[PDB]
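Next comes input15.cif, with mmCIF, C-alpha atoms.
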data_query
loop_
_atom_site.label_atom_id
_atom_site.label_comp_id
_atom_site.auth_asym_id
_atom_site.auth_seq_id
_atom_site.Cartn_x
_atom_site.Cartn_y
_atom_site.Cartn_z
CA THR A 1 -73.93 141.39 5.49
CA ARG A 2 -76.58 143.37 7.35
CA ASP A 3 -76.98 145.87 4.52
CA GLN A 4 -80.40 145.12 3.07
CA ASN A 5 -80.72 148.34 1.06
CA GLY A 6 -82.25 148.05 -2.39
CA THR A 7 -85.26 147.45 -4.59
CA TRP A 8 -86.15 143.77 -4.40
CA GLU A 9 -88.40 141.96 -6.88
CA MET A 10 -90.29 138.79 -5.92
CA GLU A 11 -89.13 135.77 -7.89
CA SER A 12 -90.92 133.03 -5.90
CA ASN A 13 -93.67 132.66 -3.30
CA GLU A 14 -94.24 129.33 -1.54
CA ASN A 15 -97.23 128.45 0.68
CA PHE A 16 -98.55 132.00 0.77
CA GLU A 17 -102.01 130.43 0.84
CA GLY A 18 -101.28 128.45 4.01
CA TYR A 19 -99.79 131.51 5.70
CA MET A 20 -102.85 133.64 4.79
CA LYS A 21 -105.21 130.91 5.87
CA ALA A 22 -103.38 130.75 9.20
CA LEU A 23 -103.98 134.49 9.53
CA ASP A 24 -107.74 133.86 9.02
CA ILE A 25 -107.84 135.69 5.74
CA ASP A 26 -111.13 134.69 4.10
CA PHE A 27 -111.23 132.30 1.13
CA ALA A 28 -112.16 134.91 -1.48
CA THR A 29 -109.24 137.16 -0.58
CA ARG A 30 -106.70 134.32 -0.58
CA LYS A 31 -107.67 133.33 -4.11
CA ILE A 32 -107.06 136.92 -5.18
CA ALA A 33 -104.02 137.68 -3.00
CA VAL A 34 -102.26 134.53 -4.20
CA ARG A 35 -102.06 136.15 -7.65
CA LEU A 36 -99.97 139.07 -6.43
CA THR A 37 -96.26 139.66 -6.95
CA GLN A 38 -94.34 141.80 -4.41
CA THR A 39 -91.71 144.51 -4.71
CA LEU A 40 -89.78 145.41 -1.60
CA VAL A 41 -88.00 148.76 -1.32
CA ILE A 42 -85.69 149.04 1.67
CA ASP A 43 -84.00 152.23 2.82
CA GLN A 44 -81.71 151.37 5.70
CA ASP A 45 -79.45 153.51 7.89
CA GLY A 46 -77.66 151.34 10.45
CA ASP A 47 -80.50 149.91 12.55
CA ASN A 48 -83.12 152.34 11.21
CA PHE A 49 -85.35 150.89 8.49
CA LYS A 50 -87.86 152.46 6.15
CA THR A 51 -89.54 149.93 3.87
CA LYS A 52 -92.25 150.13 1.24
CA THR A 53 -93.93 147.07 -0.21
CA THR A 54 -95.93 147.29 -3.43
CA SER A 55 -98.11 144.45 -4.61
CA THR A 56 -98.86 143.98 -8.29
CA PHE A 57 -101.15 141.77 -10.34
CA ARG A 58 -99.24 140.20 -13.25
CA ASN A 59 -101.47 138.32 -15.71
CA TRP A 60 -100.36 135.39 -17.82
CA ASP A 61 -98.43 136.25 -21.01
CA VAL A 62 -100.35 135.54 -24.23
CA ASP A 63 -98.94 134.67 -27.70
CA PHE A 64 -101.37 134.85 -30.63
CA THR A 65 -101.10 135.20 -34.41
CA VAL A 66 -103.71 137.04 -36.50
CA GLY A 67 -105.96 134.50 -38.23
CA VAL A 68 -104.94 131.52 -36.11
CA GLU A 69 -107.73 130.33 -33.81
CA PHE A 70 -106.29 129.15 -30.47
CA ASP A 71 -107.41 128.06 -27.03
CA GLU A 72 -107.23 130.94 -24.53
CA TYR A 73 -107.58 130.18 -20.81
CA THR A 74 -108.90 133.35 -19.21
CA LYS A 75 -106.89 133.03 -15.98
CA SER A 76 -107.05 136.72 -15.07
CA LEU A 77 -110.85 136.85 -15.49
CA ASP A 78 -113.45 134.05 -15.35
CA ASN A 79 -111.11 131.04 -15.72
CA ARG A 80 -112.81 129.61 -18.79
CA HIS A 81 -111.49 128.03 -21.96
CA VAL A 82 -112.46 130.03 -25.05
CA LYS A 83 -111.54 129.52 -28.68
CA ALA A 84 -110.15 132.91 -29.60
CA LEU A 85 -109.84 134.09 -33.19
CA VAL A 86 -108.29 137.44 -33.97
CA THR A 87 -108.58 139.10 -37.44
CA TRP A 88 -107.88 142.51 -38.98
CA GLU A 89 -110.93 144.53 -39.98
CA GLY A 90 -109.26 147.48 -41.65
CA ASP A 91 -106.85 148.65 -39.00
CA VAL A 92 -108.98 147.35 -36.13
CA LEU A 93 -107.89 144.17 -34.36
CA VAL A 94 -111.01 142.08 -33.82
CA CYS A 95 -111.38 139.03 -31.57
CA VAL A 96 -114.24 136.62 -31.06
CA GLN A 97 -113.93 134.27 -28.11
CA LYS A 98 -116.12 131.24 -28.86
CA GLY A 99 -117.34 129.36 -25.83
CA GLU A 100 -120.06 129.35 -23.19
CA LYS A 101 -120.74 133.10 -23.25
CA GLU A 102 -122.61 134.65 -26.18
CA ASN A 103 -121.39 137.75 -28.05
CA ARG A 104 -117.99 137.53 -26.32
CA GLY A 105 -114.94 139.21 -27.82
CA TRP A 106 -112.99 142.43 -28.12
CA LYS A 107 -111.77 145.07 -30.52
CA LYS A 108 -108.47 146.87 -30.21
CA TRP A 109 -107.17 149.82 -32.25
CA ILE A 110 -104.76 152.74 -32.25
CA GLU A 111 -105.60 156.40 -32.78
CA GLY A 112 -102.61 158.68 -32.34
CA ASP A 113 -100.92 158.19 -28.99
CA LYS A 114 -103.89 156.19 -27.68
CA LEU A 115 -104.94 152.56 -27.68
CA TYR A 116 -108.63 151.71 -27.45
CA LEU A 117 -109.79 148.34 -26.14
CA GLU A 118 -113.47 147.49 -26.32
CA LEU A 119 -114.53 144.37 -24.42
CA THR A 120 -117.94 142.77 -24.95
CA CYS A 121 -119.87 140.00 -23.28
CA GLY A 122 -123.61 139.67 -23.87
CA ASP A 123 -125.09 143.17 -23.87
CA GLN A 124 -122.25 144.50 -21.72
CA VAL A 125 -119.45 146.60 -23.20
CA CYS A 126 -116.38 147.84 -21.33
CA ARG A 127 -114.31 150.61 -22.94
CA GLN A 128 -110.68 150.98 -21.91
CA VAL A 129 -108.34 153.74 -23.12
CA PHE A 130 -104.56 153.67 -22.75
CA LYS A 131 -101.82 156.20 -23.41
CA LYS A 132 -98.43 155.20 -24.80
CA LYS A 133 -95.58 155.35 -22.31
CA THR B 1 -102.21 152.18 -37.65
CA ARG B 2 -101.82 148.42 -37.21
CA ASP B 3 -98.68 148.90 -35.09
CA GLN B 4 -99.75 148.31 -31.51
CA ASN B 5 -96.24 147.92 -30.09
CA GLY B 6 -95.47 149.53 -26.78
CA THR B 7 -96.12 149.99 -23.09
CA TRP B 8 -99.64 151.30 -22.63
CA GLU B 9 -100.94 152.85 -19.41
CA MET B 10 -104.66 152.80 -18.64
CA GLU B 11 -106.37 156.16 -18.31
CA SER B 12 -109.97 154.92 -18.24
CA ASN B 13 -111.96 151.71 -17.78
CA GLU B 14 -115.68 152.38 -18.32
CA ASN B 15 -118.17 149.73 -17.23
CA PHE B 16 -115.49 147.14 -16.35
CA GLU B 17 -117.96 146.08 -13.67
CA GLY B 18 -120.75 145.29 -16.14
CA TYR B 19 -118.42 143.21 -18.31
CA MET B 20 -117.00 141.35 -15.35
CA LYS B 21 -120.46 140.62 -13.95
CA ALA B 22 -121.52 139.32 -17.35
CA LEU B 23 -118.59 136.87 -17.04
CA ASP B 24 -119.93 135.78 -13.61
CA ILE B 25 -116.77 136.95 -11.87
CA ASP B 26 -117.23 136.80 -8.08
CA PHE B 27 -118.05 140.07 -6.30
CA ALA B 28 -114.90 140.03 -4.14
CA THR B 29 -112.71 139.98 -7.25
CA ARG B 30 -114.80 142.56 -9.07
CA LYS B 31 -114.59 144.98 -6.13
CA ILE B 32 -110.78 144.94 -6.32
CA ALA B 33 -110.42 144.84 -10.11
CA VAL B 34 -112.68 147.79 -10.90
CA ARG B 35 -110.21 150.31 -9.42
CA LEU B 36 -106.92 148.90 -10.76
CA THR B 37 -104.93 150.89 -13.32
CA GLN B 38 -103.69 148.46 -15.97
CA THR B 39 -100.47 148.55 -17.95
CA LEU B 40 -100.48 146.60 -21.18
CA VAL B 41 -97.15 145.60 -22.75
CA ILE B 42 -97.34 144.59 -26.40
CA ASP B 43 -94.50 143.03 -28.41
CA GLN B 44 -95.71 142.80 -32.01
CA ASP B 45 -93.86 141.32 -34.96
CA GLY B 46 -96.03 141.59 -38.08
CA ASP B 47 -99.18 139.60 -37.30
CA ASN B 48 -97.64 137.96 -34.21
CA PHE B 49 -98.62 139.48 -30.82
CA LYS B 50 -97.12 138.76 -27.41
CA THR B 51 -98.93 140.68 -24.66
CA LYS B 52 -98.92 140.94 -20.89
CA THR B 53 -101.08 142.96 -18.51
CA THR B 54 -100.02 144.15 -15.06
CA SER B 55 -101.55 146.44 -12.45
CA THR B 56 -100.46 147.92 -9.12
CA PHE B 57 -102.71 146.84 -6.26
CA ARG B 58 -101.45 148.32 -3.01
CA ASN B 59 -98.50 149.95 -1.27
CA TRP B 60 -97.72 149.55 2.43
CA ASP B 61 -95.04 151.29 4.47
CA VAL B 62 -93.45 149.87 7.61
CA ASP B 63 -90.63 151.72 9.39
CA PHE B 64 -88.77 150.63 12.52
CA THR B 65 -85.54 150.61 14.52
CA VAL B 66 -84.05 147.21 15.33
CA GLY B 67 -84.49 146.52 19.06
CA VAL B 68 -87.31 149.05 19.55
CA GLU B 69 -90.84 147.66 19.94
CA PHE B 70 -93.56 149.29 17.84
CA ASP B 71 -97.32 149.11 17.24
CA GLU B 72 -98.33 147.63 13.94
CA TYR B 73 -101.80 147.37 12.38
CA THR B 74 -101.92 144.72 9.73
CA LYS B 75 -104.03 146.30 7.04
CA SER B 76 -102.25 144.27 4.38
CA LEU B 77 -103.78 141.08 5.60
CA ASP B 78 -105.86 140.40 8.70
CA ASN B 79 -106.36 143.85 10.21
CA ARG B 80 -104.94 143.08 13.66
CA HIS B 81 -102.97 145.03 16.22
CA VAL B 82 -99.63 143.52 17.11
CA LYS B 83 -96.59 144.62 19.09
CA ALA B 84 -93.70 144.10 16.71
CA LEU B 85 -90.07 143.78 17.71
CA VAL B 86 -87.16 143.28 15.34
CA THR B 87 -83.64 141.95 16.18
CA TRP B 88 -80.54 140.62 14.43
CA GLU B 89 -79.81 136.93 14.83
CA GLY B 90 -76.42 136.80 13.18
CA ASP B 91 -77.09 138.54 9.88
CA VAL B 92 -80.73 137.46 9.88
CA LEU B 93 -83.26 140.20 10.52
CA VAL B 94 -85.86 138.60 12.77
CA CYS B 95 -89.27 140.05 13.65
CA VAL B 96 -91.85 138.79 16.12
CA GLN B 97 -95.35 140.22 15.91
CA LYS B 98 -96.75 139.77 19.37
CA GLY B 99 -100.51 139.46 19.60
CA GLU B 100 -103.45 137.06 19.34
CA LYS B 101 -101.76 134.83 16.75
CA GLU B 102 -99.06 132.38 17.91
CA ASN B 103 -95.62 132.09 16.26
CA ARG B 104 -96.31 135.16 14.15
CA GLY B 105 -93.28 136.83 12.63
CA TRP B 106 -90.78 136.93 9.80
CA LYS B 107 -87.09 136.46 9.08
CA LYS B 108 -85.13 138.21 6.33
CA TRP B 109 -81.59 137.80 5.01
CA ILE B 110 -79.36 138.55 2.03
CA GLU B 111 -77.15 136.23 0.03
CA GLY B 112 -75.51 137.78 -3.02
CA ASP B 113 -78.21 139.03 -5.38
CA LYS B 114 -81.05 137.52 -3.41
CA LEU B 115 -83.19 138.43 -0.43
CA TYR B 116 -84.84 135.57 1.47
CA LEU B 117 -88.06 136.14 3.41
CA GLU B 118 -89.71 133.58 5.66
CA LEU B 119 -93.15 134.40 7.05
CA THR B 120 -94.63 132.44 9.96
CA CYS B 121 -98.01 132.30 11.64
CA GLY B 122 -99.45 129.24 13.33
CA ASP B 123 -98.06 125.95 12.07
CA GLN B 124 -97.70 127.57 8.63
CA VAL B 125 -94.54 128.88 6.97
CA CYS B 126 -94.32 130.93 3.78
CA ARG B 127 -91.04 131.37 1.87
CA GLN B 128 -90.41 134.21 -0.55
CA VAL B 129 -87.29 134.87 -2.58
CA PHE B 130 -86.48 138.28 -4.11
CA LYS B 131 -83.85 139.43 -6.62
CA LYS B 132 -82.27 142.87 -6.64
CA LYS B 133 -84.00 144.70 -9.48
#
Starting from the coordinates I provided, produce the structure as structure tokens.
Amino acid sequence: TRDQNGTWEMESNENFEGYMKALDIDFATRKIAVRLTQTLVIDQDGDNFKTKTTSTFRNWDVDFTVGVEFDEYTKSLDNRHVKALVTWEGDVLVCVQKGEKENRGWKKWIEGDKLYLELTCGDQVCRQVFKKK
Amino acid sequence: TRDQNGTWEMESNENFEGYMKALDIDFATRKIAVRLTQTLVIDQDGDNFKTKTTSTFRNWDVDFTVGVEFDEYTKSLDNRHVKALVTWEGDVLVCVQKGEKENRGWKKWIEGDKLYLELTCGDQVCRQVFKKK
């Protein structure tokens, strides 16, 4: 069939690095761009095509249990092994990531329809706020 | 509350740059990451957490009529001007992107639930498979 209408979700991506390298895309970009998943929306009328491609970063799924120290590989960030230990402090979820970096961890808690995530490394703190969908 | 279940959409991300620099994350990556809006999905069963983070990077539109040559500028990748021309070979949608790069194009076809995409540049070939969402 020639009917390619639809929303199409990437399930596999082989040798994207080689293709990008062939296009002279610089090394830094290829290391990033190779972490993207694609969604292809095609609106087709006969031989007339309108397409929209959205690229998304999908990080590695994590499974952890409160209290159980585990090895976390920080693939989305600095690609280090840390020994992560998450505990409850009241209703605040608290994590220390033991490893090369000092004072490294996070705190995560809910207030109303909002989730707060506080990330620390050294003397640097990042504060993220999320709303429930 | 200790219930952190849900799909959470980022509405702010203060000093992500400072945190990422403290982790020694390369500038190229930081420059992209600082602007991304994250979505956190959390599946929590008691003290067990399964989490995944995603974020949309970029959208690109490309529209065309099969058989009709068109100018393309490849902000997406290598930022080049090509003359693109699409045809049907059988039920395969075949595009050549005529320009400075040899053998540059793609081929796209449907089989059942799947869309197949083959991208070519020099001696390199990339293969992507999609599923109807």
Residue nearest residue 90 in chain A - candidates A:19, A:105, A:110, A:71, atoms counted: only C-alpha atoms
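Looking only at the distances to residue 90 in chain A, the closest residue turns out to be A:110.
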Is it possible to get the superposed chain B, fitted on chain A over all Cα pairs by sequence order, as a JSON list (two decimals) with C-alpha atoms, keeping the file's coordinate frame?
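Wrote part.json, looks like this:
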[["chain", "number", "residue", "atom", "x", "y", "z"],
["B", 1, "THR", "CA", -76.63, 147.04, 8.85],
["B", 2, "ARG", "CA", -79.53, 149.49, 9.16],
["B", 3, "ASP", "CA", -79.42, 150.25, 5.42],
["B", 4, "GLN", "CA", -82.33, 148.37, 3.90],
["B", 5, "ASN", "CA", -82.33, 150.23, 0.58],
["B", 6, "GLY", "CA", -82.86, 148.24, -2.57],
["B", 7, "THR", "CA", -84.93, 145.91, -4.71],
["B", 8, "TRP", "CA", -85.38, 142.64, -2.86],
["B", 9, "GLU", "CA", -86.58, 139.42, -4.48],
["B", 10, "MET", "CA", -88.28, 136.75, -2.38],
["B", 11, "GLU", "CA", -86.56, 133.38, -2.20],
["B", 12, "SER", "CA", -88.69, 131.85, 0.57],
["B", 13, "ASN", "CA", -91.97, 132.43, 2.41],
["B", 14, "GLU", "CA", -92.36, 129.88, 5.23],
["B", 15, "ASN", "CA", -95.76, 129.50, 6.86],
["B", 16, "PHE", "CA", -97.32, 132.46, 5.00],
["B", 17, "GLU", "CA", -100.50, 130.39, 5.18],
["B", 18, "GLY", "CA", -100.51, 130.20, 8.98],
["B", 19, "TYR", "CA", -100.00, 133.96, 9.30],
["B", 20, "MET", "CA", -102.66, 134.74, 6.75],
["B", 21, "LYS", "CA", -105.16, 132.39, 8.40],
["B", 22, "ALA", "CA", -104.43, 134.04, 11.74],
["B", 23, "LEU", "CA", -105.47, 137.32, 10.06],
["B", 24, "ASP", "CA", -108.75, 135.66, 8.95],
["B", 25, "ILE", "CA", -107.90, 136.16, 5.28],
["B", 26, "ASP", "CA", -110.41, 134.30, 3.09],
["B", 27, "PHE", "CA", -109.33, 130.92, 1.70],
["B", 28, "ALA", "CA", -109.62, 132.00, -1.96],
["B", 29, "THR", "CA", -107.10, 134.78, -1.39],
["B", 30, "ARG", "CA", -104.80, 132.62, 0.70],
["B", 31, "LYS", "CA", -104.70, 129.92, -2.00],
["B", 32, "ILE", "CA", -103.38, 132.45, -4.53],
["B", 33, "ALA", "CA", -101.08, 134.41, -2.21],
["B", 34, "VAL", "CA", -99.18, 131.44, -0.79],
["B", 35, "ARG", "CA", -97.40, 130.76, -4.11],
["B", 36, "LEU", "CA", -96.57, 134.33, -5.18],
["B", 37, "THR", "CA", -92.94, 135.46, -5.32],
["B", 38, "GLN", "CA", -92.75, 138.95, -3.84],
["B", 39, "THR", "CA", -90.46, 141.81, -4.78],
["B", 40, "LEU", "CA", -89.98, 144.46, -2.14],
["B", 41, "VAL", "CA", -88.70, 147.90, -3.18],
["B", 42, "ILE", "CA", -87.33, 150.02, -0.35],
["B", 43, "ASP", "CA", -86.36, 153.70, -0.62],
["B", 44, "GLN", "CA", -84.78, 154.66, 2.71],
["B", 45, "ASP", "CA", -83.51, 158.07, 3.74],
["B", 46, "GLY", "CA", -82.16, 157.89, 7.30],
["B", 47, "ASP", "CA", -85.11, 156.81, 9.45],
["B", 48, "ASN", "CA", -87.65, 157.47, 6.68],
["B", 49, "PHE", "CA", -88.87, 154.40, 4.73],
["B", 50, "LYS", "CA", -90.94, 154.31, 1.55],
["B", 51, "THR", "CA", -91.75, 150.73, 0.51],
["B", 52, "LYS", "CA", -93.80, 148.92, -2.09],
["B", 53, "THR", "CA", -94.44, 145.22, -2.66],
["B", 54, "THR", "CA", -95.27, 143.62, -6.00],
["B", 55, "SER", "CA", -95.64, 140.05, -7.23],
["B", 56, "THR", "CA", -96.17, 138.34, -10.58],
["B", 57, "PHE", "CA", -99.40, 136.34, -10.68],
["B", 58, "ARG", "CA", -99.84, 134.78, -14.10],
["B", 59, "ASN", "CA", -98.72, 134.85, -17.72],
["B", 60, "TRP", "CA", -100.96, 133.98, -20.66],
["B", 61, "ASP", "CA", -100.03, 133.68, -24.33],
["B", 62, "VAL", "CA", -102.42, 134.22, -27.22],
["B", 63, "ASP", "CA", -101.21, 134.05, -30.83],
["B", 64, "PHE", "CA", -103.27, 134.55, -33.98],
["B", 65, "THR", "CA", -103.42, 135.74, -37.59],
["B", 66, "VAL", "CA", -105.92, 138.49, -38.38],
["B", 67, "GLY", "CA", -108.79, 137.01, -40.42],
["B", 68, "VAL", "CA", -108.14, 133.40, -39.37],
["B", 69, "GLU", "CA", -110.54, 131.87, -36.83],
["B", 70, "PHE", "CA", -108.97, 130.02, -33.89],
["B", 71, "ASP", "CA", -109.97, 128.01, -30.81],
["B", 72, "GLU", "CA", -109.42, 129.76, -27.53],
["B", 73, "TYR", "CA", -109.81, 128.41, -23.99],
["B", 74, "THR", "CA", -110.22, 131.18, -21.50],
["B", 75, "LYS", "CA", -108.14, 130.01, -18.58],
["B", 76, "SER", "CA", -107.47, 133.60, -17.56],
["B", 77, "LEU", "CA", -111.04, 134.12, -16.56],
["B", 78, "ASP", "CA", -114.06, 131.87, -17.02],
["B", 79, "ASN", "CA", -112.58, 128.70, -18.50],
["B", 80, "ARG", "CA", -114.74, 128.57, -21.64],
["B", 81, "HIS", "CA", -114.19, 127.46, -25.20],
["B", 82, "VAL", "CA", -114.75, 130.15, -27.79],
["B", 83, "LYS", "CA", -114.13, 130.52, -31.51],
["B", 84, "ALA", "CA", -112.16, 133.73, -31.81],
["B", 85, "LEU", "CA", -111.81, 135.80, -34.95],
["B", 86, "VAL", "CA", -109.83, 139.01, -35.28],
["B", 87, "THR", "CA", -110.16, 141.72, -38.00],
["B", 88, "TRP", "CA", -109.09, 145.30, -38.68],
["B", 89, "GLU", "CA", -111.81, 147.94, -38.59],
["B", 90, "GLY", "CA", -109.82, 150.90, -39.82],
["B", 91, "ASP", "CA", -106.80, 150.81, -37.54],
["B", 92, "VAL", "CA", -108.77, 149.19, -34.74],
["B", 93, "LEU", "CA", -107.96, 145.56, -34.04],
["B", 94, "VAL", "CA", -111.32, 143.93, -33.36],
["B", 95, "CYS", "CA", -111.88, 140.46, -31.90],
["B", 96, "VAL", "CA", -115.11, 138.54, -31.46],
["B", 97, "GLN", "CA", -115.07, 135.50, -29.20],
["B", 98, "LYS", "CA", -117.92, 133.38, -30.44],
["B", 99, "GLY", "CA", -119.50, 131.08, -27.89],
["B", 100, "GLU", "CA", -122.07, 130.85, -25.09],
["B", 101, "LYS", "CA", -121.62, 134.48, -24.00],
["B", 102, "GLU", "CA", -123.23, 137.24, -26.10],
["B", 103, "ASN", "CA", -121.35, 140.34, -27.33],
["B", 104, "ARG", "CA", -118.06, 138.88, -26.15],
["B", 105, "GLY", "CA", -114.94, 140.41, -27.65],
["B", 106, "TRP", "CA", -112.37, 143.17, -27.52],
["B", 107, "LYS", "CA", -111.09, 146.13, -29.51],
["B", 108, "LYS", "CA", -107.54, 147.47, -29.44],
["B", 109, "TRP", "CA", -105.90, 150.56, -30.94],
["B", 110, "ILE", "CA", -102.86, 152.81, -30.67],
["B", 111, "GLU", "CA", -102.65, 156.56, -30.32],
["B", 112, "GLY", "CA", -99.17, 157.96, -29.79],
["B", 113, "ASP", "CA", -97.72, 156.49, -26.60],
["B", 114, "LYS", "CA", -100.92, 154.78, -25.58],
["B", 115, "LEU", "CA", -102.72, 151.53, -26.30],
["B", 116, "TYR", "CA", -106.49, 151.47, -25.75],
["B", 117, "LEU", "CA", -108.27, 148.21, -24.93],
["B", 118, "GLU", "CA", -112.03, 147.80, -24.69],
["B", 119, "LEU", "CA", -113.37, 144.48, -23.41],
["B", 120, "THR", "CA", -117.02, 143.51, -23.87],
["B", 121, "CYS", "CA", -119.22, 140.71, -22.60],
["B", 122, "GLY", "CA", -122.94, 141.00, -22.00],
["B", 123, "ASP", "CA", -124.16, 144.53, -21.35],
["B", 124, "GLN", "CA", -120.81, 145.24, -19.67],
["B", 125, "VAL", "CA", -117.83, 147.14, -21.08],
["B", 126, "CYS", "CA", -114.35, 147.38, -19.57],
["B", 127, "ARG", "CA", -111.83, 150.02, -20.68],
["B", 128, "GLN", "CA", -108.10, 149.68, -20.17],
["B", 129, "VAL", "CA", -105.39, 152.13, -21.14],
["B", 130, "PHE", "CA", -101.71, 151.15, -21.48],
["B", 131, "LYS", "CA", -98.52, 153.19, -21.91],
["B", 132, "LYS", "CA", -95.46, 152.02, -23.81],
["B", 133, "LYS", "CA", -92.99, 151.00, -21.12]]
Chain B residues near chain A within 7 Å, closest pair each, using only C-alpha atoms, as CSV:
residue,atom,partner,partner_atom,distance
B:1,CA,A:91,CA,6.0
B:2,CA,A:91,CA,5.3
B:4,CA,A:110,CA,6.7
B:6,CA,A:132,CA,6.7
B:7,CA,A:133,CA,5.4
B:8,CA,A:132,CA,4.6
B:9,CA,A:130,CA,5.0
B:10,CA,A:130,CA,4.2
B:11,CA,A:130,CA,5.4
B:12,CA,A:129,CA,5.3
B:13,CA,A:128,CA,4.4
B:14,CA,A:127,CA,5.1
B:15,CA,A:126,CA,4.9
B:16,CA,A:126,CA,5.1
B:18,CA,A:124,CA,5.8
B:19,CA,A:124,CA,5.3
B:22,CA,A:121,CA,6.2
B:23,CA,A:78,CA,6.1
B:24,CA,A:78,CA,6.9
B:25,CA,A:78,CA,5.6
B:28,CA,A:28,CA,6.4
B:29,CA,A:32,CA,6.8
B:47,CA,A:66,CA,5.3
B:48,CA,A:65,CA,4.4
B:49,CA,A:64,CA,5.4
B:50,CA,A:63,CA,4.5
B:51,CA,A:62,CA,5.3
B:52,CA,A:61,CA,4.7
B:53,CA,A:59,CA,5.4
B:54,CA,A:58,CA,4.4
B:55,CA,A:57,CA,5.1
B:56,CA,A:56,CA,4.3
B:57,CA,A:56,CA,5.2
B:58,CA,A:55,CA,5.4
B:59,CA,A:54,CA,4.3
B:60,CA,A:53,CA,5.2
B:61,CA,A:52,CA,4.4
B:62,CA,A:51,CA,5.4
B:63,CA,A:50,CA,4.3
B:64,CA,A:49,CA,5.3
B:65,CA,A:48,CA,4.5
B:66,CA,A:47,CA,5.3
B:77,CA,A:25,CA,6.7
B:78,CA,A:25,CA,5.9
B:91,CA,A:2,CA,5.5
B:110,CA,A:4,CA,6.7
B:120,CA,A:19,CA,6.8
B:121,CA,A:22,CA,6.1
B:122,CA,A:22,CA,5.9
B:124,CA,A:19,CA,5.3
B:125,CA,A:19,CA,6.0
B:126,CA,A:15,CA,4.9
B:127,CA,A:14,CA,5.1
B:128,CA,A:13,CA,4.5
B:129,CA,A:12,CA,5.3
B:130,CA,A:10,CA,4.2
B:131,CA,A:9,CA,5.2
B:132,CA,A:8,CA,4.6
B:133,CA,A:8,CA,5.6
Report, in Å with one decimal, the straight-line distance from CA of residue 70 in chain B to CA of residue 89 in chain B.
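Going from CA of residue 70 in chain B over to CA of residue 89 in chain B, I get 18.7 Å.
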One decimal, in Å: what's the spacing between CA of residue 102 in chain B and CA of residue 85 in chain B?
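Interatomic distance, CA of residue 102 in chain B to CA of residue 85 in chain B: 14.5 Å.
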Straight-line distance linking CA of residue 99 in chain B with CA of residue 82 in chain B, stated in Å to one decimal:
4.8 Å
Could you please fill out range 91-104 of chain A with N, CA and C atoms and send it back as a compact mmCIF listing (two decimals), in the coordinates of the input?
# COMPACT_ATOMS: atom_id res chain seq x y z
N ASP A 91 -107.97 148.55 -39.91
CA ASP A 91 -106.85 148.65 -39.00
C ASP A 91 -107.28 148.33 -37.58
N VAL A 92 -108.46 147.73 -37.44
CA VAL A 92 -108.98 147.35 -36.13
C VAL A 92 -108.72 145.86 -35.86
N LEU A 93 -108.16 145.56 -34.70
CA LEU A 93 -107.89 144.17 -34.36
C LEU A 93 -109.14 143.64 -33.71
N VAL A 94 -109.73 142.60 -34.29
CA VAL A 94 -111.01 142.08 -33.82
C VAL A 94 -110.94 140.63 -33.36
N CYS A 95 -111.42 140.37 -32.16
CA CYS A 95 -111.38 139.03 -31.57
C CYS A 95 -112.77 138.53 -31.21
N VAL A 96 -113.07 137.30 -31.61
CA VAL A 96 -114.24 136.62 -31.06
C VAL A 96 -113.74 135.43 -30.25
N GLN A 97 -114.25 135.34 -29.03
CA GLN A 97 -113.93 134.27 -28.11
C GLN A 97 -115.13 133.32 -28.04
N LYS A 98 -115.04 132.23 -28.79
CA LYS A 98 -116.12 131.24 -28.86
C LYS A 98 -116.09 130.34 -27.63
N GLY A 99 -117.26 130.14 -27.04
CA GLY A 99 -117.34 129.36 -25.83
C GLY A 99 -118.71 129.51 -25.21
N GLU A 100 -118.78 129.38 -23.89
CA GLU A 100 -120.06 129.35 -23.19
C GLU A 100 -120.82 130.67 -23.35
N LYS A 101 -120.10 131.78 -23.24
CA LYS A 101 -120.74 133.10 -23.25
C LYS A 101 -121.04 133.56 -24.66
N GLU A 102 -122.22 134.14 -24.86
CA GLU A 102 -122.61 134.65 -26.18
C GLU A 102 -122.08 136.05 -26.40
N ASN A 103 -121.82 136.40 -27.66
CA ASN A 103 -121.39 137.75 -28.05
C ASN A 103 -120.14 138.17 -27.29
N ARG A 104 -119.19 137.25 -27.14
CA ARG A 104 -117.99 137.53 -26.32
C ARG A 104 -116.77 137.77 -27.21
